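Next come the chains, spelled out residue by residue.
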Amino acid sequence: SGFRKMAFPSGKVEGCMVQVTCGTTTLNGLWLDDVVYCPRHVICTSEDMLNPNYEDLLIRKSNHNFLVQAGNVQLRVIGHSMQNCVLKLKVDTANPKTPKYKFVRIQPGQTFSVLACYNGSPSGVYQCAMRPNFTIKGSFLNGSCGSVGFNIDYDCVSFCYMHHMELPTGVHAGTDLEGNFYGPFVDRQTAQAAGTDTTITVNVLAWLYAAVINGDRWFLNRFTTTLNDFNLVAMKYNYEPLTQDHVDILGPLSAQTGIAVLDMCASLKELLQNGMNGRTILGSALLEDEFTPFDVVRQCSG
Amino acid sequence: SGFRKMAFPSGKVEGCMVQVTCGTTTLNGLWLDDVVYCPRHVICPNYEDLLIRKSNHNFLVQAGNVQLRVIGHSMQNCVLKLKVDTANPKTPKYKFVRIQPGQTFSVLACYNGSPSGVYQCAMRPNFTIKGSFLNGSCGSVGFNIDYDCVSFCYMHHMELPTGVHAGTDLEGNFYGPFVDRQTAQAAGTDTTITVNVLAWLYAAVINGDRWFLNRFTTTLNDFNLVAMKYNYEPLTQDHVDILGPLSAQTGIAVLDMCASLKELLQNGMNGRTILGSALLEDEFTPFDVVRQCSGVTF
Ligand SMILES: COCCN1Cc2ccc(Cl)cc2[C@H](C(=O)Nc2cncc3ccccc23)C1
Ligand SMILES: [Cl-]
């Protein structure tokens, strides 16, 4: 029993964190084999931030301008290339602690663990989700740039996020490990804003199935709904549209508990209408949307 | 910006998890130097009578794919200490510490000697933990990281009928009035960790949430009369002293923040949230708030 927001063990990722220094700027890098991946804005200075020409800034750099630190040992940079908004620093030593890894691009609603780092040193780990507005509600201070998000399904580390910036609302923007940003964001200090955020419907439904598996059935009702009538109601509460793919993905949880997806949808409809009325679901007074159907299956069963 | 339930990096602890098998039972062990620590119920009760019948070769210890050979065994309260032939090369700088209720820690939940997840939790005033554990999770450990030193504070033993968890410190002494036996046991009535809620209200202020603040103050005695009415733990002068740095950083006296908490308890949140929560959060200590709102590394 018990349902906690659970992060992956960070050990495999800690053994890859390095500190990257270019001039006055210091941030984190990911050392995998003989390459250190870090945000390309490490080469940017004071005025070179509203409209930086990264190709023009990088051509002025030599390998010895980049100081890379792995614990107390300094790594020697022997090459550099840019791939979108990531800088790839070729180093003269391959990381012996390199785990079995993959670079994956995630879709909104997917979850991942974050190893928050400062000066190449890991300070904490937490679980979070790619919001539908492509931002993450993380916990990051100055110097956390270059921190990474990951999942460790089986013995392999899937890197899915690298942190680049904080938006004026306090939420965070970053890229996949190939340097492509999530969302309409740019690694420029221009006026940017996160779009209106919505609730991840498929995730809330998965968390309601987790509550049923853990013995909580107070919110269930004798009603069902059509998928169309559910979406019309859900849109009014700023909930993401629920698709037929989401219904198919909730299939295993539906068969395990004996509650049809559209039956669970009717219960969510009623929760949105009534609120909780002094009650909680899995120790929460709000509807939790940062657990996917896969996360529920993983923690509630294996 | 941002305030998350943050666990310590588990790397140093992952390198210590092993699988312990005795007869039909399989659980986790903590391999530090040449000793593997695990719950004594792996041999299951008269534990002295059960242990005298076991030989070293009855305990199968697995470290990844490598098998460790047991060369001795002894009991220390409710922990079994299996002497092994090989010292763990991944042994970190460590200490065994006993924590007090209200103190927080990271839990590296494991199954079959393999770490599967890490989460943050607190020792409840009723000495239970609201964890997330399944069958096979026994022997999973709780820890804090202090500079480069890992302080092990918890070893999981059992789940109570309410779904909450009971375990011991690494010296085998249980937290709470629990016993390691299949019998009728219940967690006592739980209370809210007042000093922790106040620390989390200071974290909300640092993150720009000030709606709950007011012009009022209270006496420590008048606050404790109200707090006792709402199943909150008594707030002591030590708690007030510990909240000092957060009070000076935000400019809100502890008894001023206590007057805000009094109004939240009597009047509720009124459709509003604090740090994305509609309930008052009590599993962040004043030190957890300071460490996260300053970014200290390990
Ligand atoms: C206060 O001045 C911040 C200026 N930042 C402007 C900016 C613009 C584009 C890009 Cl890609 C990076 C940045 C930098 C940035 O977002 N850094 C930070 C990251 N993550 C949390 C941060 C919390 C606080 C501070 C800074 C954070 C620096
Ligand atoms: Cl995905």
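Shown above is the structure to which this text applies.
Here is a short report on the structure shown in this document.

## Digging into the overall build of chain B
Line of reasoning, step 1. Scanning chain B for helices and strands turns up eight helices and 13 strands.
Line of reasoning, step 2. Counting only C-alpha atoms, chain B reaches 70 × 40 × 30 Å along its principal axes.
Line of reasoning, step 3. Between the averaged position of the 22 positive side-chain charges in chain B and that of its 24 negative side-chain charges there is a distance of 3 Å.

## A short note on unusual backbone geometry
Residues and elements named next belong to chain A.
Line of reasoning, step 1. We note that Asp 33 has phi near 60°; this positive angle belongs to a residue other than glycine.
Line of reasoning, step 2. Here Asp 33 shows up in the loop between β2 (25-32) and β3 (35-39).
Line of reasoning, step 3. For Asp 33, a relative accessible area of 36% gives the class partly exposed.

## Regarding the state of the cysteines
Line of reasoning, step 1. For the structure on display, the rule yields zero disulfides over all chains.
Line of reasoning, step 2. Left without a disulfide partner, B:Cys258 is nearest to the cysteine sulfur of B:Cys293, which lies 19 Å away.

## Re the sheet that holds strand β4 (residues 59-63) of chain B
Residues and elements named next belong to chain B.
Line of reasoning, step 1. A sheet is described by the order of its strands in space; here seven strands give the open sequence β5-β4-β1-β2-β3-β7-β6, paired in antiparallel fashion. Two strands close off the open sheet at either side, each with one partner strand: β5 (66-68) and β6 (70-76). This sheet shows a mean twist of 30° between the axes of neighbouring strands, independent of strand direction.
Line of reasoning, step 2. For strand β1 (residues 17-22) and strand β2 (residues 25-32), the ladder comprises six bridges, and the chain directions are antiparallel. Opposite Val 18, over in β2, you have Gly 29 as the bridge partner.

## Some remarks on the environment of B:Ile206
All names here are of chain B.
Line of reasoning, step 1. With respect to the helices and strands, the residue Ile 206 is situated in helix α3 (residues 194-206).
Line of reasoning, step 2. Residue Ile 206 is classed as partly exposed on the basis of its relative accessible area of 31%.
Line of reasoning, step 3. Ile 206 sits 90 residues away from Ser 116 along the chain, and the two C-alpha atoms are 33 Å apart.
Line of reasoning, step 4. Once you skip the residues sitting within four places of it in the chain, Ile 206 turns out to touch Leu 246, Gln 249, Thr 250 and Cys 293.

## Quick look at the packing of aromatic side chains
Line of reasoning, step 1. Inspection of every chain in the model, using the stated rule, returns 19 aromatic pairs over all chains.
Line of reasoning, step 2. Grouping aromatic residues by their ring pairs yields a cluster made of A:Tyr37, A:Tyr101, A:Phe103 and A:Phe159.
Line of reasoning, step 3. Here B:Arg98 stacks its cationic end above the ring of B:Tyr175, 4.3 Å away from the centre of that ring.

Criteria and cut-off values
Residues numbered from 1 in each chain as written, not as in the entry; some residues may be left out. Chains lettered and ligands numbered in written order. Heavy atoms only, no water. Helix = DSSP H or I, 4+ residues; strand = E, 2+ residues; numbered from the N terminus. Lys, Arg positive; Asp, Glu negative; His and termini not counted. Charge placed at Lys NZ, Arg CZ, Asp CG, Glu CD. Buried < 20%, exposed > 50% of the residue type's maximum accessible area, 1.4 Å probe, protein only. Disulfide = S-S within 2.5 Å. Pairing = 2+ DSSP bridges. Axes fitted to C-alpha atoms, helices over the stretch in contact; angles between N-to-C directions. Contact = heavy atoms within 4.5 Å. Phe/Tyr/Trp six-rings, centres within 6.5 Å; stacked < 30°, edge-to-face > 60°. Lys NZ or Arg CZ within 6 Å of the ring centre and 35° of its normal.

What is shown is where atoms sit, not what they do.
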